[PDB]
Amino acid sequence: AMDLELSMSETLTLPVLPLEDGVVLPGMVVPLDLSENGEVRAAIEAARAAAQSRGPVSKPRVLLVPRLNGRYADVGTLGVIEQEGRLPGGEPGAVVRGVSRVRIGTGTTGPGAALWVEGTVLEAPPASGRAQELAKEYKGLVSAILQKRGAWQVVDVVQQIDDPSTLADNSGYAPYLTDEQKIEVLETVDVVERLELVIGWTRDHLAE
């Protein structure tokens, strides 16, 4: 038997992948153009280098932090570099999948040229009763918007998102929500008030 105490702690040290004008929320799968900003590929390389200093399957994991006009948010998104590819102009590209919220903590040092920060992962709690109820309403509101656009496959797949937190964070795909609105969705930890937040904006966009 081994003791092992105060381990598996919730505070991680992750490289910051800055999103200059974009927000990636947990559950989202988005492409990343690595041609435009140097700090982006440096964060992926720093994440991969730290995995190679731990010695020998880990797809590299970064901390997706939106940076609106030179200022980082208080919450980041733990993201997995699922795959690297090429964009139509031959740009180096990467597929990233958001996993969970990470409350941004104090800065730290690490390998590579990326900024390393410490942070505590905010494990999503089990869904409450109002969250399930709010998820049903948000599905209907989002479906109505997609129906006017004729995006019926999108209607079909959105209706299959049964986790209320994942459904609320699916608002990151909405083109009618501003970058700053999606930052507030990221920083709103509680799912119920996060759903009520995106439900109001979605209800506002329908009324236009």
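A residue's number is simply how far along the shown sequence it sits, counting from 1.
What is the count, as a class, of unmodelled deposited residues between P56 and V57: none, 1 to 3, 4 to 9, or 10 or more? Count of unmodelled residues in between: 4 to 9.
On average, are the C-alpha B-factors higher in 120 to 128 or in 134 to 142? Mean CA B-factor is higher for 120 to 128.
Higher-scoring stretch by recorded Cα B factor average, 152 to 160 or 38 to 46: That would be 38 to 46.
Among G76, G79, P111, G93, where is the Cα B factor highest in this entry? Among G76, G79, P111, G93, the highest C-alpha B-factor in the entry belongs to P111.
Among the modelled residues of its chain, does the C-alpha B-factor of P175 lie in the lowest, middle or highest third? For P175, whose C-alpha B-factor we compare with every modelled residue in the chain, the answer is the middle third.
Could you place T106 in the lowest, middle or highest third of its chain by Cα temperature factor, using the values in the record? Within its chain, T106 is a highest-third residue by C-alpha B-factor, going by the deposited values.
Taking the C-alpha B-factors as the PDB entry records them, is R97 in the lowest, middle or highest third of its chain? As the PDB entry reports it, the C-alpha B-factor of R97 lands in the lowest third of its chain.
Going by what the PDB entry lists, where does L63 fall on CA B-factor within its chain: lowest, middle or highest third? Middle third of the chain for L63's C-alpha B-factor.
Select lowest, middle or highest to describe the third in which the CA B-factor of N69 falls within its chain in this entry. Top third by C-alpha B-factor.
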